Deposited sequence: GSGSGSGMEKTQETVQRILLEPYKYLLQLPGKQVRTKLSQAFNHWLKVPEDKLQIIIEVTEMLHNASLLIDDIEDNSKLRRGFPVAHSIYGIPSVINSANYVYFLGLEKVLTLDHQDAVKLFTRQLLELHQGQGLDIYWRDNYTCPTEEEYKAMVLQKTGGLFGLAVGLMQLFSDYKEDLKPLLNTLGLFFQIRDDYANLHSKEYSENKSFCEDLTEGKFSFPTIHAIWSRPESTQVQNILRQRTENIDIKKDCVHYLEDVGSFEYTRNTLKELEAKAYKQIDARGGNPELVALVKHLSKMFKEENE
């Protein structure tokens, strides 16, 4: 009956849509429309595509990170099982490709193909580093973030620019915003004090503050011992936070974010200014200010 089969195939995806989300990709797309001025018919398809693909990748991320909860609620594969979530999220990917084909543009699929290939390289490296106990350098981590986060950012803005007269190069600004967002999340996860606490330590992932501490003081192995343990001991995680403070990694992260915030303002002005985008950067910058 087709409508029946699509219903059971989208069930894990529909569960995730009800969970609390931030929709930052929507808020960044609307800010970039200040320049691009994309007609509303194409713009809605673009936004649906982007959030479709972003929501499907969250389903996959939670499996790949062994997450237990998502925003306070049980994770999707805890309820529907790993096999259903994989097939559902993967099915959504190709529903997104099907929707991209409705934009009626020869370059749209090429963009889709490139950006999804970028996101899988980013996510793959991040997984590989964690699963093979290989701590990346700061440069390597930044290069990976540009792919993992720049993937969907670049898909949205790139597709918009296909239907815009504004042809200026927005890729440097997008790279700054990709780093800014990811490192700000790394900082919040650890520098924060019901609510989850340092779940990146429990997930054993190398984040920006832990990477700095590892290479800053290689004589010590404290952070490695905690990440390898992949434990949920609150006290062990608290001791990791105390270490990153004395080593000065939280300050290093704040200075990195402040420098990124300043580059974003300089890059936004070069592109002609964008009060919506500027206001958004400032509001997110208070966290480390």
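Chemist: Without any C-alpha position in the structure, which residue ranges of the deposited sequence would you list, numbering from 1?
Modeler: Unobserved in coordinates, per deposited numbering: 1-10, 204-207, 304-307.
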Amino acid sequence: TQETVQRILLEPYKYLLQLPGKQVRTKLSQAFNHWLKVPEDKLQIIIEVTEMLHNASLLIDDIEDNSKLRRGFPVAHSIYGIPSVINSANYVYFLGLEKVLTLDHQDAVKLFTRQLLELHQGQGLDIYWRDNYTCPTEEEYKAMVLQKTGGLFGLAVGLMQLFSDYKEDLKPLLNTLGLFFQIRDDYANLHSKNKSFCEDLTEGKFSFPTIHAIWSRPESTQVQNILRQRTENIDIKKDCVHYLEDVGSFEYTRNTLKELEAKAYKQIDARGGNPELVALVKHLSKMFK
From here on, numbers count along this sequence of modelled residues.
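Chemist: May I ask you to compare 94-102 and 202-210 by their mean CA B factor in the entry and name the higher one?
Modeler: 202-210 has the higher mean C-alpha B-factor.
Chemist: On average, are the C-alpha B-factors higher in 211-219 or in 77-85?
Modeler: Comparing averages over the C-alpha atoms only gives 211-219.
Chemist: Maximum C-alpha temperature factor per the entry, among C135, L119, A143, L174, belongs to which one?
Modeler: Result of the comparison over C135, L119, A143, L174: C135.
Chemist: Could you look up the Cα B-factor of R70 in the entry and say which third of the chain it sits in: lowest, middle or highest?
Modeler: Its C-alpha B-factor belongs to the middle third of this chain's values.
Chemist: Taking the entry's C-alpha B-factors for this chain, is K37 in the lowest, middle or highest third?
Modeler: Answer is middle: the recorded C-alpha B-factor places it there.
Chemist: Place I45 in the lowest, middle or highest third of its chain's C-alpha B-factors, as listed in the PDB entry.
Modeler: Middle third, going by the recorded CA B-factors of the chain.
Chemist: Taking the entry's C-alpha B-factors for this chain, is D61 in the lowest, middle or highest third?
Modeler: For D61, the deposited C-alpha B-factor lands in the lowest third.
Chemist: State the tercile, meaning the lowest, middle or highest third, of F153 with respect to the CA B-factors recorded for its chain.
Modeler: For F153, the deposited C-alpha B-factor lands in the middle third.
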